[PDB]
Number of protein chains: 2
Amino acid sequence: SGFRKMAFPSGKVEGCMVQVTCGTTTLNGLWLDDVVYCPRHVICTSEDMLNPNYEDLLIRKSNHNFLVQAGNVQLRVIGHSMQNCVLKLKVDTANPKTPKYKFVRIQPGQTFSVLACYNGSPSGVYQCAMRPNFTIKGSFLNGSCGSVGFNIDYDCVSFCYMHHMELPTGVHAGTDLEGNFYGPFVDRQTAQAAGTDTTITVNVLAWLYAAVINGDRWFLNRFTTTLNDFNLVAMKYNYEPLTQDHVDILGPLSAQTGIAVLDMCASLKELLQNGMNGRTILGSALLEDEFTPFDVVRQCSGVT
Amino acid sequence: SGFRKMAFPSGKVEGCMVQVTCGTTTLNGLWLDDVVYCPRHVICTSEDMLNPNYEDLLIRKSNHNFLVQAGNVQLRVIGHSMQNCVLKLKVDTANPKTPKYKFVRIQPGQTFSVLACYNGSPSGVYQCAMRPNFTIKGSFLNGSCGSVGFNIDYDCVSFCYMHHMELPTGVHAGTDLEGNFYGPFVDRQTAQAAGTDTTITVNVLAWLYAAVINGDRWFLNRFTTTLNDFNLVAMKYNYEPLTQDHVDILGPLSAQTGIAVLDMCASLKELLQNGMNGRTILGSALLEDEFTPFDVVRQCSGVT
Ligand SMILES: Cc1ccnnc1NC(=O)Cc1cccc(Cl)c1
Ligand SMILES: Cc1ccnnc1NC(=O)Cc1cccc(Cl)c1
């Protein structure tokens, strides 16, 4: 009973967080095995951020300039290298708390948990989606850079995001763990266009299935639609076009509830065209797109 | 930049979760020092739940009937006792992962994080509020009983909730860690009235301050109100009456933003009387009441 925006338990990731300081800049690092990963802009001052030449800035730094700490543990840095927008600091000690992990590059529309950290200390955890425009709408203040996003499958942590910056619009941008930005962004203090975002249609449909499973059913109607007709409505309302691949991933939810995917599309079409009429679905007064079909199945079956 | 429904990092609590089995019933337990706490209904079968005599049911159980496990660790039970609706199983080994902790009974309207668990394994973490009617709207399935709610201050975990049951309405009920139910509930399979709930006014005001801090300002108006006038509106809309104690706790937010508490009350009055007009505040199309003033200050200042 009930359906919440749930994050993965963060313990496995808390055990990896360290503080990285270079010069006057302090941010968060991720310590896995004998490597600490952090945003490369840890080597910048404020005047450097307007147009940094990272290669030149990194040449002025030595291993001993990177101060890495995790409470009472000071780590000894024995190597440093830049990979895209991340620095990899080789340390002489493998993190005893390294969980089983992978580095993955997620697709837009996928969800993950963020462990917000400041000065290497975890402050909170929340679930969010990678927007179709490759930004995230997180909660990040100065010092949160280097905080990571992840998913967990059994005992394996798949790290997918490292936070780098806030755009002038207040949305967030960052990289995969190889330092490649999601989206067109660069790690520089210049105004940068995020570009047109859309609503993640397959996730809204998944959430409407979660709603029916939990008893919110008022939006079910006597109609059906086609992918073509639904996509005309999706276009008008800035929703992602629905494909057969999306219909296929909704298969388990359609099978469990007995509501055909195109019939749920007709409920979504009617909600887009008429609004909520002052009612709510799973405690929301808008159409929620931060739950994937996999998230809904996981939460509705009690997977650990 | 940004404001999210953030949970506390759950690692300290994940280290305390165990599975407790008695007979055919399995649920979650909390292992702190050399005691495991769990709902007393672990001793019931399904036929017992309609009207259990817990004292009699517990008399048929011995220490060796309580199977406690945490992965590869089987705990040896050397004592058992019932305290209100919880069982306390004394074990021969102190949990090496016991964090600094306290047991607290929270007030209605306060928030906390829940680590949803099944069979002793954490599945997810979310933040919620204790409703004014002493229920929570969580996400709990069969086997989640014994999952706990908590807050964290520095390195100290204050455990405030243990989940016991879902009401026929799909809302959740549970106890403090001394086994006293929040609200009028009893641990029996009987339909039980939750009673009239209200919206947590001070939390909505705190969240409107979080909104102004993060740039959502469209709801600010040229008006002011009084506590008396505001409370007539609060009454009409089933909001908790606002008191000077609530105004006092909003003081830091009023000081930071320069918006007097009664001026924010006039914005809230106008939103109650006119609705959102199809707009959003911090990504919500309704007035959010699951952030306390302390939560807003914590999140807006980046506290770890
Ligand atoms: C102040 C802040 C808030 C939220 N997230 N990040 C934050 N820090 C920054 O954006 C700092 C920064 C400035 C230019 C480029 C880059 Cl890569 C980083
Ligand atoms: C099935 C389920 C879902 C969510 N939360 N809890 C759940 N279990 C129960 O409510 C089981 C139960 C039945 C009667 C009394 C008591 Cl104390 C417990």
# chains A, B, ... in the order shown; residues from 1 in each chain; ligands from 1

$ closest_atom_pairs --of "chain A" --to "ligand 1" --cutoff "7 Å" --atoms "only C-alpha atoms and all ligand atoms" --output "CSV"
residue,atom,partner,partner_atom_place_in_ligand_line,distance
A:41,CA,ligand 1,17 (Cl),5.8
A:49,CA,ligand 1,14 (C),5.6
A:140,CA,ligand 1,4 (C),4.2
A:141,CA,ligand 1,3 (C),3.8
A:142,CA,ligand 1,1 (C),3.9
A:143,CA,ligand 1,7 (C),6.8
A:144,CA,ligand 1,5 (N),6.2
A:145,CA,ligand 1,6 (N),5.7
A:164,CA,ligand 1,17 (Cl),4.9
A:165,CA,ligand 1,10 (O),3.3
A:166,CA,ligand 1,10 (O),4.2
A:167,CA,ligand 1,10 (O),6.7
A:172,CA,ligand 1,5 (N),6.4
A:186,CA,ligand 1,17 (Cl),7.0
A:187,CA,ligand 1,17 (Cl),3.5
A:188,CA,ligand 1,15 (C),4.1
A:189,CA,ligand 1,14 (C),3.9

$ write_last_selection --atoms "N, CA, C and O atoms" --output "PDB file, in the first residue's frame"
ATOM      1  N   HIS A  41      37.453  20.567 -11.856  1.00  0.00           N
ATOM      2  CA  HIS A  41      37.495  21.970 -11.459  1.00  0.00           C
ATOM      3  C   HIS A  41      37.912  22.155 -10.003  1.00  0.00           C
ATOM      4  O   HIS A  41      38.104  23.289  -9.604  1.00  0.00           O
ATOM      5  N   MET A  49      37.746  29.867 -13.395  1.00  0.00           N
ATOM      6  CA  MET A  49      36.504  29.283 -13.919  1.00  0.00           C
ATOM      7  C   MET A  49      35.870  29.973 -15.120  1.00  0.00           C
ATOM      8  O   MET A  49      35.043  29.340 -15.789  1.00  0.00           O
ATOM      9  N   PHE A 140      21.387  21.255  -4.902  1.00  0.00           N
ATOM     10  CA  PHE A 140      22.846  21.340  -4.768  1.00  0.00           C
ATOM     11  C   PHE A 140      23.260  22.750  -4.428  1.00  0.00           C
ATOM     12  O   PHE A 140      22.826  23.694  -5.084  1.00  0.00           O
ATOM     13  N   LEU A 141      24.132  22.895  -3.457  1.00  0.00           N
ATOM     14  CA  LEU A 141      24.661  24.194  -3.076  1.00  0.00           C
ATOM     15  C   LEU A 141      26.162  24.172  -3.302  1.00  0.00           C
ATOM     16  O   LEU A 141      26.719  23.123  -3.656  1.00  0.00           O
ATOM     17  N   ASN A 142      26.859  25.310  -3.082  1.00  0.00           N
ATOM     18  CA  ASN A 142      28.318  25.343  -3.211  1.00  0.00           C
ATOM     19  C   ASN A 142      28.938  24.285  -2.300  1.00  0.00           C
ATOM     20  O   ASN A 142      28.465  24.078  -1.179  1.00  0.00           O
ATOM     21  N   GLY A 143      29.898  23.564  -2.831  1.00  0.00           N
ATOM     22  CA  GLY A 143      30.541  22.488  -2.094  1.00  0.00           C
ATOM     23  C   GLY A 143      29.970  21.108  -2.384  1.00  0.00           C
ATOM     24  O   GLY A 143      30.569  20.098  -1.991  1.00  0.00           O
ATOM     25  N   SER A 144      28.792  21.039  -3.041  1.00  0.00           N
ATOM     26  CA  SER A 144      28.193  19.735  -3.368  1.00  0.00           C
ATOM     27  C   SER A 144      28.833  19.069  -4.568  1.00  0.00           C
ATOM     28  O   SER A 144      28.529  17.909  -4.848  1.00  0.00           O
ATOM     29  N   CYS A 145      29.695  19.791  -5.319  1.00  0.00           N
ATOM     30  CA  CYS A 145      30.317  19.215  -6.497  1.00  0.00           C
ATOM     31  C   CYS A 145      31.093  17.957  -6.154  1.00  0.00           C
ATOM     32  O   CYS A 145      31.647  17.854  -5.056  1.00  0.00           O
ATOM     33  N   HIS A 164      28.698  18.410 -11.330  1.00  0.00           N
ATOM     34  CA  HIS A 164      29.719  19.419 -11.597  1.00  0.00           C
ATOM     35  C   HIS A 164      29.265  20.819 -11.422  1.00  0.00           C
ATOM     36  O   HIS A 164      30.068  21.619 -10.963  1.00  0.00           O
ATOM     37  N   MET A 165      28.034  21.158 -11.840  1.00  0.00           N
ATOM     38  CA  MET A 165      27.689  22.575 -11.793  1.00  0.00           C
ATOM     39  C   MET A 165      26.231  22.872 -11.886  1.00  0.00           C
ATOM     40  O   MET A 165      25.449  22.024 -12.308  1.00  0.00           O
ATOM     41  N   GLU A 166      25.880  24.103 -11.527  1.00  0.00           N
ATOM     42  CA  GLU A 166      24.530  24.567 -11.715  1.00  0.00           C
ATOM     43  C   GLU A 166      24.547  25.545 -12.876  1.00  0.00           C
ATOM     44  O   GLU A 166      25.444  26.385 -13.000  1.00  0.00           O
ATOM     45  N   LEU A 167      23.560  25.436 -13.727  1.00  0.00           N
ATOM     46  CA  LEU A 167      23.399  26.361 -14.837  1.00  0.00           C
ATOM     47  C   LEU A 167      22.759  27.636 -14.275  1.00  0.00           C
ATOM     48  O   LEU A 167      22.143  27.610 -13.207  1.00  0.00           O
ATOM     49  N   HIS A 172      20.880  21.437 -12.938  1.00  0.00           N
ATOM     50  CA  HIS A 172      22.165  20.869 -12.674  1.00  0.00           C
ATOM     51  C   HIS A 172      22.722  20.061 -13.795  1.00  0.00           C
ATOM     52  O   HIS A 172      22.004  19.385 -14.529  1.00  0.00           O
ATOM     53  N   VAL A 186      29.866  22.227 -20.734  1.00  0.00           N
ATOM     54  CA  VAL A 186      31.296  22.306 -20.503  1.00  0.00           C
ATOM     55  C   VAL A 186      31.508  22.860 -19.097  1.00  0.00           C
ATOM     56  O   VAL A 186      30.697  23.657 -18.600  1.00  0.00           O
ATOM     57  N   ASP A 187      32.606  22.460 -18.452  1.00  0.00           N
ATOM     58  CA  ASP A 187      32.893  22.920 -17.101  1.00  0.00           C
ATOM     59  C   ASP A 187      33.585  24.283 -17.062  1.00  0.00           C
ATOM     60  O   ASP A 187      34.772  24.423 -16.782  1.00  0.00           O
ATOM     61  N   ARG A 188      32.796  25.297 -17.355  1.00  0.00           N
ATOM     62  CA  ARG A 188      33.241  26.671 -17.441  1.00  0.00           C
ATOM     63  C   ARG A 188      32.086  27.568 -16.983  1.00  0.00           C
ATOM     64  O   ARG A 188      30.922  27.228 -17.183  1.00  0.00           O
ATOM     65  N   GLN A 189      32.409  28.727 -16.405  1.00  0.00           N
ATOM     66  CA  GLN A 189      31.421  29.704 -15.922  1.00  0.00           C
ATOM     67  C   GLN A 189      31.008  30.598 -17.069  1.00  0.00           C
ATOM     68  O   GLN A 189      31.381  31.778 -17.160  1.00  0.00           O
TER      69      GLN A 189
END

$ select_by_dssp --residues "range 13-211 of chain B" --states "helix (DSSP H, G or I)" --output "list in words"
residues 13, 14, 40, 41, 42, 43, 48, 49, 50, 54, 55, 56, 57, 58, 59, 63, 64, 65, 201, 202, 203, 204, 205, 206, 207, 208, 209, 210 and 211 of chain B

$ select_by_dssp --residues "range 170-202 of chain A" --states "strand (DSSP E)" --output "list in words"
residues 172, 173, 174 and 175 of chain A

$ write_last_selection --atoms "N, CA, C and O atoms" --output "short mmCIF file (atom, residue, chain, number, x, y, z; two decimals), in the first residue's frame"
data_model
loop_
_atom_site.label_atom_id
_atom_site.label_comp_id
_atom_site.auth_asym_id
_atom_site.auth_seq_id
_atom_site.Cartn_x
_atom_site.Cartn_y
_atom_site.Cartn_z
N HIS A 172 20.88 21.44 -12.94
CA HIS A 172 22.17 20.87 -12.67
C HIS A 172 22.72 20.06 -13.80
O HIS A 172 22.00 19.39 -14.53
N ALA A 173 24.04 20.09 -13.89
CA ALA A 173 24.74 19.38 -14.94
C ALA A 173 25.94 18.66 -14.37
O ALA A 173 26.59 19.12 -13.43
N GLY A 174 26.24 17.53 -14.98
CA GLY A 174 27.34 16.72 -14.51
C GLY A 174 27.73 15.66 -15.50
O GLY A 174 27.31 15.71 -16.65
N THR A 175 28.60 14.75 -15.06
CA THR A 175 29.21 13.78 -15.95
C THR A 175 28.95 12.35 -15.57
O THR A 175 28.49 12.09 -14.46
#

$ closest_residue --among "A:130, A:300, A:116, A:276" --to "ligand 2" --atoms "only C-alpha atoms and all ligand atoms"
A:300

$ calpha_fit_and_write --fixed "chain A" --moving "chain B" --output "short mmCIF file (atom, residue, chain, number, x, y, z; two decimals) with C-alpha atoms, in the first residue's frame"
data_model
loop_
_atom_site.label_atom_id
_atom_site.label_comp_id
_atom_site.auth_asym_id
_atom_site.auth_seq_id
_atom_site.Cartn_x
_atom_site.Cartn_y
_atom_site.Cartn_z
CA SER B 1 0.00 0.00 0.00
CA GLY B 2 1.33 3.40 -0.95
CA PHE B 3 3.80 4.69 -3.50
CA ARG B 4 6.68 7.01 -2.69
CA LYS B 5 9.56 8.68 -4.52
CA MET B 6 12.05 6.31 -3.04
CA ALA B 7 15.85 6.49 -3.23
CA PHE B 8 18.17 3.50 -3.03
CA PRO B 9 19.67 2.90 0.43
CA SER B 10 22.79 5.09 0.43
CA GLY B 11 25.10 3.23 2.82
CA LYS B 12 27.24 1.61 0.14
CA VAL B 13 27.90 5.06 -1.37
CA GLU B 14 28.40 6.89 1.96
CA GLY B 15 31.36 4.54 2.56
CA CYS B 16 33.03 5.92 -0.60
CA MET B 17 32.74 9.65 0.05
CA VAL B 18 35.87 11.69 0.72
CA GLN B 19 36.77 15.37 0.76
CA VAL B 20 39.21 16.59 -1.89
CA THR B 21 40.99 19.93 -1.49
CA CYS B 22 43.33 21.49 -4.00
CA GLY B 23 44.62 24.93 -3.16
CA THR B 24 41.62 26.84 -1.79
CA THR B 25 38.92 24.67 -3.42
CA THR B 26 37.23 21.82 -1.55
CA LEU B 27 34.71 19.41 -3.00
CA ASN B 28 33.65 15.75 -2.79
CA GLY B 29 35.46 12.75 -4.17
CA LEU B 30 34.46 9.13 -4.67
CA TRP B 31 37.00 6.55 -3.31
CA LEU B 32 36.69 3.15 -5.00
CA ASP B 33 39.55 0.64 -4.69
CA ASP B 34 42.76 2.80 -4.76
CA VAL B 35 41.39 5.66 -6.87
CA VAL B 36 39.56 8.82 -5.87
CA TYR B 37 37.40 10.42 -8.58
CA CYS B 38 36.38 14.07 -8.41
CA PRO B 39 35.45 16.97 -10.74
CA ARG B 40 38.54 18.44 -12.39
CA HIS B 41 37.50 21.97 -11.46
CA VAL B 42 38.83 21.21 -7.93
CA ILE B 43 42.09 22.65 -9.43
CA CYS B 44 40.50 26.02 -10.27
CA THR B 45 40.23 29.21 -8.35
CA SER B 46 37.23 31.58 -9.06
CA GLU B 47 39.13 33.67 -11.65
CA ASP B 48 40.14 30.43 -13.46
CA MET B 49 36.50 29.28 -13.92
CA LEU B 50 35.60 31.94 -16.52
CA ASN B 51 37.72 30.11 -19.18
CA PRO B 52 39.94 27.40 -17.63
CA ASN B 53 42.76 25.75 -19.48
CA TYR B 54 42.56 22.54 -17.43
CA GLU B 55 45.70 21.02 -18.93
CA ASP B 56 47.78 24.04 -17.93
CA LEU B 57 46.14 24.35 -14.54
CA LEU B 58 46.81 20.66 -13.79
CA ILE B 59 50.47 20.96 -14.81
CA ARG B 60 51.02 23.34 -11.85
CA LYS B 61 49.76 20.61 -9.45
CA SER B 62 51.63 17.71 -7.91
CA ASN B 63 50.32 14.64 -6.04
CA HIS B 64 50.99 16.38 -2.67
CA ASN B 65 48.70 19.31 -3.63
CA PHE B 66 45.61 17.05 -3.60
CA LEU B 67 44.51 16.68 0.00
CA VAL B 68 42.17 13.73 0.39
CA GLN B 69 40.44 13.02 3.65
CA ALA B 70 37.61 10.91 5.03
CA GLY B 71 37.26 11.84 8.72
CA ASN B 72 40.37 10.70 10.60
CA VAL B 73 41.81 9.08 7.39
CA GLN B 74 44.20 11.21 5.34
CA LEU B 75 44.95 9.46 2.04
CA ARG B 76 48.37 9.48 0.43
CA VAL B 77 48.19 10.50 -3.26
CA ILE B 78 50.62 8.63 -5.44
CA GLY B 79 49.35 9.59 -8.92
CA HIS B 80 46.98 11.98 -10.66
CA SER B 81 45.44 12.11 -14.10
CA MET B 82 42.66 13.88 -15.89
CA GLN B 83 40.11 11.86 -17.88
CA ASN B 84 37.68 14.16 -19.67
CA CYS B 85 36.21 16.37 -16.86
CA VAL B 86 37.24 14.16 -13.94
CA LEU B 87 40.44 13.78 -12.01
CA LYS B 88 41.54 10.36 -10.89
CA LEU B 89 43.84 10.48 -7.87
CA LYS B 90 45.66 7.23 -7.26
CA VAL B 91 45.98 6.59 -3.54
CA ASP B 92 48.20 4.10 -1.71
CA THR B 93 45.25 2.45 0.15
CA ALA B 94 42.26 0.65 -1.32
CA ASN B 95 39.00 1.78 0.26
CA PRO B 96 38.05 -1.04 2.69
CA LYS B 97 34.38 -0.04 2.19
CA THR B 98 34.47 -0.36 -1.66
CA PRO B 99 31.22 -2.03 -2.64
CA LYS B 100 30.80 -4.14 -5.82
CA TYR B 101 30.44 -1.39 -8.44
CA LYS B 102 30.25 -0.47 -12.08
CA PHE B 103 30.41 2.82 -13.97
CA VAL B 104 27.49 3.24 -16.35
CA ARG B 105 26.32 6.04 -18.62
CA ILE B 106 22.57 6.29 -18.18
CA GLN B 107 20.07 7.20 -20.81
CA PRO B 108 17.91 10.32 -20.64
CA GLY B 109 14.64 9.47 -18.90
CA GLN B 110 16.31 6.98 -16.52
CA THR B 111 16.24 7.56 -12.77
CA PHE B 112 18.87 7.37 -10.06
CA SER B 113 19.56 8.35 -6.48
CA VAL B 114 21.80 11.25 -5.53
CA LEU B 115 23.74 11.34 -2.28
CA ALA B 116 24.19 15.06 -1.70
CA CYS B 117 27.47 15.68 0.14
CA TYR B 118 29.40 18.69 1.39
CA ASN B 119 33.11 18.55 2.38
CA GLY B 120 33.00 14.76 1.99
CA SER B 121 30.03 14.39 4.39
CA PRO B 122 26.67 13.04 3.29
CA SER B 123 23.78 15.39 3.92
CA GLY B 124 20.85 13.64 2.22
CA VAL B 125 19.58 11.29 -0.46
CA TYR B 126 16.92 11.80 -3.11
CA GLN B 127 15.70 10.15 -6.29
CA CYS B 128 15.55 12.01 -9.57
CA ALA B 129 15.46 11.51 -13.33
CA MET B 130 18.01 12.41 -15.98
CA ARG B 131 15.90 14.88 -18.01
CA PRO B 132 15.54 14.26 -21.76
CA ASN B 133 17.73 17.43 -22.12
CA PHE B 134 20.50 15.84 -19.96
CA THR B 135 20.07 18.11 -16.95
CA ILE B 136 18.88 17.09 -13.52
CA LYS B 137 16.69 19.14 -11.18
CA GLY B 138 18.55 18.40 -7.96
CA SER B 139 19.23 20.15 -4.70
CA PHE B 140 22.85 21.34 -4.77
CA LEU B 141 24.66 24.19 -3.08
CA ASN B 142 28.32 25.34 -3.21
CA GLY B 143 30.54 22.49 -2.09
CA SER B 144 28.19 19.73 -3.37
CA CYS B 145 30.32 19.22 -6.50
CA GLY B 146 31.57 15.65 -6.70
CA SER B 147 28.34 14.29 -5.16
CA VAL B 148 27.28 11.18 -7.10
CA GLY B 149 24.20 9.56 -8.59
CA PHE B 150 23.78 5.80 -8.63
CA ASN B 151 21.48 2.81 -8.85
CA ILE B 152 21.84 -0.50 -6.96
CA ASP B 153 21.12 -4.06 -8.27
CA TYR B 154 21.42 -6.60 -5.35
CA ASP B 155 24.94 -5.73 -3.97
CA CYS B 156 26.25 -3.87 -7.05
CA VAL B 157 26.38 -0.06 -7.15
CA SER B 158 26.20 1.37 -10.67
CA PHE B 159 27.56 4.89 -10.50
CA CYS B 160 26.07 7.01 -13.25
CA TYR B 161 26.52 10.66 -12.33
CA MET B 162 28.97 13.04 -10.72
CA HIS B 163 27.75 16.57 -10.09
CA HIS B 164 29.72 19.42 -11.60
CA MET B 165 27.69 22.58 -11.79
CA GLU B 166 24.53 24.57 -11.72
CA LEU B 167 23.40 26.36 -14.84
CA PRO B 168 22.24 30.01 -14.54
CA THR B 169 18.66 28.61 -14.68
CA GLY B 170 19.17 26.68 -11.42
CA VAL B 171 19.22 23.23 -13.02
CA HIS B 172 22.17 20.87 -12.67
CA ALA B 173 24.74 19.38 -14.94
CA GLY B 174 27.34 16.72 -14.51
CA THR B 175 29.21 13.78 -15.95
CA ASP B 176 29.37 10.02 -16.07
CA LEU B 177 32.27 8.55 -13.98
CA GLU B 178 34.60 8.69 -17.00
CA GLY B 179 34.12 12.49 -16.88
CA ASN B 180 31.99 12.87 -20.00
CA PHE B 181 29.24 15.46 -19.52
CA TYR B 182 25.67 14.45 -20.01
CA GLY B 183 24.38 16.96 -22.55
CA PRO B 184 26.24 19.76 -24.34
CA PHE B 185 27.73 21.26 -21.22
CA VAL B 186 31.30 22.31 -20.50
CA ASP B 187 32.89 22.92 -17.10
CA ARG B 188 33.24 26.67 -17.44
CA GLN B 189 31.42 29.70 -15.92
CA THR B 190 29.66 30.71 -19.10
CA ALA B 191 25.81 30.80 -19.59
CA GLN B 192 24.97 27.55 -21.46
CA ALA B 193 21.74 26.54 -23.15
CA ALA B 194 20.14 23.35 -21.74
CA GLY B 195 17.68 23.18 -24.64
CA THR B 196 14.12 22.00 -24.88
CA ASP B 197 13.09 19.49 -22.30
CA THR B 198 10.14 17.15 -22.58
CA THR B 199 8.08 15.04 -20.19
CA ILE B 200 9.12 11.35 -20.02
CA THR B 201 5.98 9.73 -21.40
CA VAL B 202 6.85 6.11 -20.57
CA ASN B 203 7.49 7.14 -16.93
CA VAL B 204 4.14 8.95 -16.65
CA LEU B 205 2.42 5.81 -17.97
CA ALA B 206 4.37 3.66 -15.50
CA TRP B 207 3.27 5.96 -12.67
CA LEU B 208 -0.39 5.79 -13.81
CA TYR B 209 -0.06 1.98 -13.55
CA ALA B 210 1.44 2.41 -10.01
CA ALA B 211 -1.59 4.61 -9.23
CA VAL B 212 -4.11 1.97 -10.36
CA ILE B 213 -2.24 -0.72 -8.38
CA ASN B 214 -2.50 1.50 -5.25
CA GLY B 215 -6.18 2.43 -5.70
CA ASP B 216 -6.10 5.80 -7.45
CA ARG B 217 -8.27 4.90 -10.45
CA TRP B 218 -10.50 7.91 -11.15
CA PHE B 219 -8.56 8.74 -14.38
CA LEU B 220 -9.41 5.39 -16.07
CA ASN B 221 -11.87 5.91 -18.83
CA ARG B 222 -13.90 4.04 -21.49
CA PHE B 223 -11.51 5.05 -24.31
CA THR B 224 -8.58 3.73 -26.22
CA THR B 225 -6.12 5.39 -28.60
CA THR B 226 -3.39 4.44 -31.10
CA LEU B 227 0.38 5.27 -30.93
CA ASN B 228 -0.18 7.68 -33.82
CA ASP B 229 -3.10 9.47 -32.21
CA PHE B 230 -1.43 9.52 -28.79
CA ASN B 231 1.75 10.96 -30.30
CA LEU B 232 -0.18 13.87 -31.85
CA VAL B 233 -1.29 14.73 -28.26
CA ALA B 234 2.24 14.06 -26.93
CA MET B 235 3.59 16.51 -29.49
CA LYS B 236 1.11 19.24 -28.49
CA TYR B 237 1.91 18.83 -24.80
CA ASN B 238 5.72 18.49 -25.10
CA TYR B 239 5.80 14.81 -24.15
CA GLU B 240 8.32 12.35 -25.59
CA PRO B 241 6.87 10.38 -28.54
CA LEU B 242 5.87 6.92 -27.37
CA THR B 243 7.44 4.02 -29.24
CA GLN B 244 6.86 0.26 -29.33
CA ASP B 245 10.05 -0.07 -27.20
CA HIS B 246 8.27 1.96 -24.48
CA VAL B 247 5.09 -0.11 -24.88
CA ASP B 248 7.20 -3.28 -24.52
CA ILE B 249 8.77 -2.15 -21.25
CA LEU B 250 5.29 -1.36 -19.88
CA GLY B 251 4.31 -5.01 -20.60
CA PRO B 252 4.72 -6.29 -17.02
CA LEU B 253 2.48 -3.50 -15.68
CA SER B 254 -0.11 -4.00 -18.36
CA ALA B 255 -0.05 -7.76 -17.60
CA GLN B 256 -0.37 -7.31 -13.85
CA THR B 257 -3.24 -4.79 -14.07
CA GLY B 258 -5.00 -6.05 -17.15
CA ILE B 259 -5.03 -2.47 -18.58
CA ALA B 260 -3.74 -2.45 -22.15
CA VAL B 261 -0.96 0.08 -22.75
CA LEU B 262 -2.98 1.96 -25.39
CA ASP B 263 -5.96 2.16 -22.99
CA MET B 264 -3.64 3.73 -20.39
CA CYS B 265 -2.47 6.10 -23.19
CA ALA B 266 -6.12 7.13 -23.65
CA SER B 267 -6.30 7.95 -19.90
CA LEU B 268 -3.08 9.98 -20.26
CA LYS B 269 -4.46 11.72 -23.39
CA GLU B 270 -7.62 12.69 -21.47
CA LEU B 271 -5.52 13.99 -18.51
CA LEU B 272 -3.36 16.06 -20.87
CA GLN B 273 -6.38 17.55 -22.63
CA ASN B 274 -8.53 18.13 -19.49
CA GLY B 275 -6.07 18.47 -16.59
CA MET B 276 -6.61 17.01 -13.10
CA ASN B 277 -9.86 18.96 -12.39
CA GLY B 278 -8.50 19.71 -8.90
CA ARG B 279 -7.88 16.04 -8.04
CA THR B 280 -4.68 14.13 -7.23
CA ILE B 281 -2.98 10.92 -8.29
CA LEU B 282 -0.66 9.31 -5.68
CA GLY B 283 -0.57 12.59 -3.75
CA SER B 284 0.43 14.62 -6.83
CA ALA B 285 -1.52 17.33 -8.58
CA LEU B 286 0.60 16.96 -11.76
CA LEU B 287 1.65 14.09 -14.03
CA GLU B 288 4.76 12.57 -12.48
CA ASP B 289 7.61 11.42 -14.76
CA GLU B 290 10.37 10.44 -12.31
CA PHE B 291 9.46 6.76 -11.97
CA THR B 292 10.55 4.36 -14.68
CA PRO B 293 8.57 1.18 -15.40
CA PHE B 294 11.38 -0.74 -13.66
CA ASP B 295 11.06 1.53 -10.59
CA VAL B 296 7.32 0.90 -10.42
CA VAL B 297 7.76 -2.90 -10.68
CA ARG B 298 10.53 -2.80 -8.03
CA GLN B 299 8.51 -0.74 -5.60
CA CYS B 300 5.22 -2.62 -6.17
CA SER B 301 6.81 -6.07 -5.59
CA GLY B 302 9.06 -5.08 -2.59
CA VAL B 303 12.48 -5.82 -4.21
CA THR B 304 15.63 -5.56 -1.93
#
